[PDB]
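J.: heads up, no residue letters with this:
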C-alpha cells in the first residue's frame, strides 16, 4: 500500500546510461505551465548540443488550429529536485515554427533587450522579489503579527528552499509574513533574462512540491502576493506578471 | 504492524547464489498476461543457455483441455523492477508441443518475417506509440483540455518510467494529455520483434506498478486511444493490438 | 508512535558476541509447531556441537502429564529470516526420556530408513510440491479460473520466497494458481529426511511471515490443495501430511 | 508524525563530545523505578570515576520530608536501548545522606552478604527465572496450548531481547507460555548482587519498550507469574519480589 | 504525504557551496520569537564577517509605525537540528537604527555588566535552571506524585536533548517532575551573556521541535515553570523572564 516510494529513487549509474529530461514551456494562458519528458544520452553541461523538439500547441492553447506544431529550443540546463541523480530540467520557450516568437513568447524581446550594447555592456543584475501563498486543495485556504517570520506547513517552504539550493538556481533568502501562509524568497543579483528563467523555474518547482505535499499555491495579486524588481548596474556595482517584461523594461527605460 | 517491506528486499550475495526468474507468456484473450516464477543457478546473459519450462494450458485457456502442456522457450533476459538484486525476467512465447506455434502465439510469424533475408538486411526500427489510461480500483474511472501536461497521479507514471529505465527497455518519454489520468510514451528505434518484446514487457511492468499502487489500467481504446507505427530503415535512414503484427505487417508490405 | 524496527534490526558484532538460537519442534497435532529461543556463545555450522534442551510435554500436548520432560536434539543450522544477523533456526525432535522416540515423532524411523544401505545406495533426491491458501483475520477466506498466474497479496508470497532463499531452504519456484489466494511452491533436489526438514522449516517460515504481516493461513486441503512426490534416483537418472511418511514410504517400498 | 526519529537517532561524535547518562533507582513502592538524566564529558567503563548526585526524595516517596536529599552512587556501566551510540545507564541505589541506607534500599545488605569471605569464595551464580505479561496500555489484556512457546506481540519480546543484548545483561534465552501475552526469560551465570542488578535493568528496559510500543506490563503474582532461584557455586560446580532478597537469603542460609 | 522526508534533507556538498542561515531576534511582546533566513557563500565560525540585516518593526511590534526599520547584527555561531548539514543559526538582537538600543533590547546592559572590569575579571558562570511544560497542540493539556521521573511524550524531550547536544549548547542533564508533562534542563557553567543567549536559543529549538511534533508548549509561570541562576565564579570556583536580567543583576549586586 506504499506510495511506490521504494521505486522513484533508483540509481541509474548501475543499470543503464540514459538520463530522463523534461521540457518546460510557458502555457497559452500566460500563467499556465505544462511539461512532458524525454530520455537522453551521455550527460553534457552545454545547452547548445541538446536536440530541439516540438509539441501540439493548439492542445496547450498558444498555437492556431492548423499550426499546432510549435518548435522549442534548449537554452537552460540545471538539475532535478524530484527525480534526483543526473536528471535535468530545461527551460524551453514557445515559438511559432520558422524562428519567429509565438504570440505569448515574451522571451526573444527580452533576449534582444539584454543583448543590446547599452545593456550587455552593463550588468543588469535584477534581484527581483517574488512572494506567494500556500493554501490547500481541500479547503484552498491557509493552514490554521507573530506569523511574520514565525508555522503553517513550514516543511513545504524548507523543502522548496533546499530543492532550489540543490538545483543550482540563484536563490538568496526566505521570509515569512503576517498574512497566514505567506512567504517570499530572493534570487539576488542575476541577469534579467536569467532572472526571468529562475523565477519561472522556481514557480514550477513550488507547484510540483505543493502538489506532492497535498496543497496548491495561488500565484495571484491577492490570494498580498506580488513582484518587485531591484536593479544593479556596472556603474552601481503581481505574483503572475512576466518577469522578463519588468526586467527588460527597466533596462530599456533606464538605459 | 504491517511493515514487511524490510523483507522482499534482502541481499542475495550474502546468503546463497539462487536467483529468481519469472516466466511471462501471453494469455488466451491476447491481452491478458500470466506468469509464475522458478529458481535458477548462476547469473548469465545468454538466452540460449536458459532451460525450458511449461505450464497447464487449459487452465490459462489458450490450449486444448487434454493438451494442457505448453512448452515455452527463453528469448528475453532483463532485470526486474519489483525484486531488484540480480533477478531477471523472461518473455516466453506459447507453443503447441513439438515446436509448432500455439493458435494465439503470433511470435513465429513475426520472427520469420524479421528473419527473412530482405527484412533482416533492411534492419528496420519501430518507435511504436502506446496509449492507456490509469483509472482506479474503487471507482475504475480516470485519475483526476487543460490536463495536457498540466498533474495528480503522476507518481505512478514516474515510477513506471524509472523502472523501465532500470530494466533493459528502450523507452523515450511520457506525454500527459488532455484526457484525465491518460498518459503515453514512445518506445523508439527498436528492431521489430524486439519492439514487440519491449512493448509487452512494459505493459506487464506497468500492470504490476498499478496493482502495487492500488489502481487498475484499461488499455482498451475506449474504456480516444489507438496505436501508430514508425518506420525507419537503412534504405531511408487500437491501443491493445499485438506489436508484432503491426511492426511486421509494415515490414512485410513495404519490404 | 510505533517505530520499533530500529531495535528489531540491530547489529550484534558492534555490541556483543552472543547469538540467539530458536528451537523448533513438531507439536502435538502433527501440524502445529511450538518454539522459543535460547542464547549461545559463538557461531558454528556443526549441529553436533549444539547443546540439548527439554520442555514441558504435557503443556504442549504430546507427552504424559507427569512425564512432561521431553528432550530435543539439534538438527538444523540455517539462518533466521525474521531477525537476520547471525541468528539461527534449529530443528528439534520430540522424544520420550531415554533416547526413545515420542509417539508423534516420525523422525527416527525416517532417519533409519534413509540410512539403510539400500536407500543410501540409490540416492533418494526428493522434489516435493506443497500447496496452501491465504486467508485473512476478519474473513478467513481468500483475498478478493483466470487467477492462474494472474494478484492476491503477492507481497506475502514474494517475502516468503526471498526469505526461503535467504534461510538456506532449497526451494525451486512459486506458482500462482486458479483458486483465489491459493499458491504453491516446489522444493526440488533434497535428500529424503532433508526434504522433510526443508518442508517443515518452510511451513514455519511461512507461518511467521503471515503473523508478521498480519495474515492467516490454512495448509489443510479444504479449509483442492494437495501434495505429490518425486523420486530422483541414481539408478535411472494431502497438503497437511508428514513429509517423512510420504518421502520414506516410496523410499522403503521402491528401494 | 514522520519526523522526530531522525533527531532521536543523531550521531553524537559528529557535533560534540558530551555523552548523556541516566540515573535509575528503586522507587518508594519497591517495584517502581524513576529516572532523570545528566550529561558527561568523556566515555568511561569504570564506575569508580562517575560523580555522585542526589535528588528530592520526598517527591519520590522514599525519604523523609526534611531529608528529601538522597545521594546516589555510580554502580553500573551499560548501554541504552532508545538512545544508542555512547549513551550509558547506571543502576544507582537510594541512600540517606551520611552512608546510611534508606529503609527501601535492600542493596547494601546484599552487598555485605556477597562480600562475606565464605560467599565470595563460593562465587555463587544465579540464573534467576523472571516471568511477566505484555497486555496493552488501556484495556490491560493480552495483546492480539499452542501459546506455550508459540503470536501475541512477539515483536515486543524480540525487541526486548535484542535491546538486552547491548553489551550488558547476561540474558540466556526467552520463553513463552500458555497464558496469553505471558513470557519469560532466563539469565546466565550472574554473580550474586549482579543478578539483582540485571533483573532490575531488564525490568526497566521492558517497561520503556512497552510504553514506547503501546502496551503496559503488569508484574503481579497472578496476571501465574513468579520466580525461582538457582544456585551454583564452585563447590557444587514471586514476579515482583526484590531479587536481592532471594539471591542473598539462599547465599546466607546455605553459605 | 509519504514524501517530503527525502526532501528537507538533501545533501548540499554535492550540488552547491551555498549554505542557508536563519536570523532569530527577540520579539516585541518579550516572549514572541520570530525569524527569517538567507543564504551565504562559505562556512565560517567567526561572528564578525556575516552581513547586516533589518526588518519591519511596525509589523512585528517593536519599532514605531513610521521608522519601522530594526537593524540587526550577527553574534552567534551554532548549528541547526531541523535541517542539519552546514546550516547555522544566529541569535541577533533588536535595535533602533543607529546602534541605539530598542526599548525591548536588554542586551547592552548585560553586555556592559559582564564586560565591566571587575566582573570580566571574575567572569562568572551561570547555570540557569529553566523549566517548562509540554501540554498539547489541540487541547493544550497533557496527553496523560509518582510522575517525578517514574511518560507524556518523552520522545519530544529526548529529541530536544539530542538537538541541543548537536547545536553546541552547553547543556547539562534533564529532569522530570510530578507535574504532568513538566521537565527542565540545566546549562551549567556559561559565561554571562552566553547564558542568556543559550537559554533563548534553546527555547527556540524546543518551540520548533514541539510545533513539528504536533504539540504546543506554554512558557508560562504556572502551566510551576520558572528560572533560577547559579553563581559559579572564580572567586569561589518565571518561564518567560529575561535571562540577561537575572544573570546580570546578580553580577551587578554581588560585584
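T.: Thanks, I have it. Numbering: from 1, shown residues only, chains lettered A, B, ... in the order given.

J.: show me where the stretch 1-150 of chain A has helices.
T.: Taking DSSP state H, counting those that start in this stretch as the test, the helices found in the stretch 1-150 of chain A are A:57-60, A:108-114, A:117-120.

J.: For residue A:93, give the beta-bridge partners.
T.: Bridge pairing for residue A:93 (DSSP bridges) gives the partners residue A:73.

J.: Surely it and residue A:73 touch.
T.: Yes. The criterion here is CB atoms under 8 Å, and residue A:93 meets it with residue A:73 at 6.7 Å. Backbone N, C-alpha and C define where each C-beta goes, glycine included.

J.: who's more crowded, these two?
T.: residue A:93 (24 against 18; other CB atoms under 10 Å in any protein chain shown).

J.: which residues touch the more buried one?
T.: A:25-26, A:72-73, A:75, A:105, A:107-108 (CB atoms under 8 Å, 6 or more residues apart in numbering or on different chains).

J.: Drop anything exposed from those residues.
T.: Neighbour counting by 16 or more other CB atoms under 10 Å in any protein chain shown classes A:25-26, A:72-73, A:75, A:105, A:107 among these as buried.

J.: For the residue of chain A found nearest chain D, give me the backbone phi and psi.
T.: Residue of chain A nearest chain D, by CB to the nearest CB: residue A:155 (8.2 Å). Dihedral angles of residue A:155 (phi, psi; degrees, to the nearest 10) stand at phi -60, psi -40.

J.: Count the residues that sit near it.
T.: Neighbours of residue A:155 using other CB under 10 Å come to 18.

J.: As a check, name the ranges of all strands in the stretch 51-200 of chain A.
T.: A:72-73, A:88-91, A:93-94, A:128-133, A:173-176, A:182-186 (DSSP state E, counting those that start in this stretch).

J.: Same list, those, but as JSON lines with distance to residue D:83 please.
T.: As requested, those are exported to JSON lines (distance: least, CB to CB, whole Å):
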{"stretch": "strand A:72-73", "distance to residue D:83": "55"}
{"stretch": "strand A:88-91", "distance to residue D:83": "42"}
{"stretch": "strand A:93-94", "distance to residue D:83": "55"}
{"stretch": "strand A:128-133", "distance to residue D:83": "40"}
{"stretch": "strand A:173-176", "distance to residue D:83": "33"}
{"stretch": "strand A:182-186", "distance to residue D:83": "35"}
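
J.: returning to what we had before: ok, so what distance separates the residue of chain A closest to chain D from residue A:208?
T.: 15 Å (CB to CB, to the nearest Å).

J.: Name the nearest of the contacts of residue A:93 relative to residue A:132.
T.: Here the nearest of the contacts of residue A:93 to residue A:132, counting by CB to CB, is residue A:26; it sits at 17.5 Å.

J.: wait, isn't that closest one in contact with residue A:33?
T.: Yes. Counting by CB under 8 Å, residue A:26 does reach residue A:33; the two are 6.6 Å apart.

J.: what residues are shared contacts of these two?
T.: In contact with both residue A:26 and residue A:33: residue A:200, using CB under 8 Å, 6+ apart.

J.: residues in contact with residue A:221?
T.: Neighbours of residue A:221 in contact, by CB under 8 Å, 6+ apart: A:238-240.

J.: Next, see if stretch A:211-219 gets close to chain D.
T.: No. Residues of stretch A:211-219 are not located near chain D by CB under 8 Å from any CB of the partner chain, the shortest gap being 12.0 Å.

J.: Next up, the contacts around whichever residue of chain A sits closest to chain E.
T.: Going by CB to the nearest CB, chain E is nearest to residue A:173 of chain A, at 2.7 Å. Shown in contact with residue A:173 (CB under 8 Å, 6+ apart): A:185-186, E:36-39.

J.: If we use 10 Å, what do you get?
T.: By CB atoms under 10 Å, 6 or more residues apart in numbering or on different chains, residue A:173 lies in contact with A:161, A:184-188, E:20-23, E:36-40, E:53.

J.: What subset of the residues you listed is buried?
T.: Using 16+ other CB under 10 Å, the buried ones in these are A:161, A:184-188, E:20-23, E:36-40, E:53.

J.: Give me the most central residue, chain A.
T.: By CA atoms, centre = their mean, chain A has its centre lying nearest to residue A:201, at 1.4 Å.

J.: Wait, a helix at that residue?
T.: Yes. Applying DSSP: H, G, I helix; E, B strand; the rest coil, one finds residue A:201 inside a helix.

J.: Kindly provide the distance from it to chain C.
T.: Distance of residue A:201 to chain C, given as CB to the nearest CB, to the nearest Å: 37 Å.

J.: Repeat that for residue A:98.
T.: 52 Å.

J.: Then residue A:246?
T.: In terms of CB to the nearest CB, residue A:246 sits 48 Å off from chain C.

J.: Do I have it right that that residue meets residue A:195?
T.: Yes. If you go by CB atoms under 10 Å, residue A:246 and residue A:195 touch, sitting 9.3 Å apart.

J.: who are the neighbours in contact with residue A:65?
T.: A:57-58.

J.: What values do phi and psi take at it?
T.: phi -60, psi -40.

J.: Spell out which parts of the stretch 51-200 of chain A neighbour chain D.
T.: Counting by CB under 10 Å from any CB of the partner chain, the positions of the stretch 51-200 of chain A adjacent to chain D are residue A:155.

J.: Please name the nearest non-neighbouring residue to residue A:242.
T.: Leaving aside its chain neighbours, residue A:242 sits nearest to residue A:106 (5.3 Å; criterion: CB to CB, 6 or more residues apart in numbering or on different chains).

J.: Compute the number of surrounding residues for that neighbour.
T.: 19.

J.: now it: how far from residue D:252?
T.: 95 Å.

J.: Check the stretch 101-250 of chain A for the residue nearest chain B and tell me.
T.: For the stretch 101-250 of chain A, CB to the nearest CB, closest residue to chain B: residue A:211, 6.3 Å.

J.: List the buried residues in the helix or strand hosting that residue.
T.: Using DSSP states H and E, residue A:211 sits in helix A:192-213. For helix A:192-213, burial by neighbour count (16+ other CB under 10 Å) applies to A:192-206, A:208-210, A:212-213.

J.: and that helix, how far out from the chain's middle?
T.: Chain-centre distance of helix A:192-213: 3 Å, with CA atoms, centre = their mean, to the nearest Å.

J.: Then stretch A:86-101?
T.: 13 Å.

J.: Flag every buried residue along it.
T.: A:86-96.

J.: for stretch A:140-153, same thing?
T.: Result for stretch A:140-153 [16+ other CB under 10 Å]: buried residues A:142, A:146-153.

J.: one step back: quick check: nearest residue in space to the residue of chain A closest to chain E, chain neighbours excluded?
T.: In space, and not counting its chain neighbours, residue A:173 is closest to residue E:38: 2.7 Å by CB to CB, 6+ apart.

J.: May I have the beta-bridge partners of that neighbour?
T.: Beta-bridge partners of residue E:38, as defined by DSSP bridges: residue E:21.

J.: For chain B, see how far away it is.
T.: Residue E:38 is 32 Å from chain B, by CB to the nearest CB.

J.: Check residue A:48 too.
T.: Residue A:48 is 21 Å from chain B, by CB to the nearest CB.

J.: What residues does the stretch 151-255 of chain A have near chain B?
T.: So the stretch 151-255 of chain A meets chain B at A:207-208, A:211-212, A:216 (CB under 10 Å from any CB).

J.: Let me know the closest of those residues to residue B:1.
T.: residue A:212 (26.9 Å).

J.: Next, the contact list for the residue nearest to residue A:182 when sequence neighbours are not counted, please.
T.: Nearest non-adjacent residue to residue A:182, counting by CB to CB, 6+ apart: residue A:133, 5.0 Å away. Residue A:133 makes contact with A:141-142, A:177, A:179-184, A:217-220, A:222-225, A:239, according to CB under 10 Å, 6+ apart.
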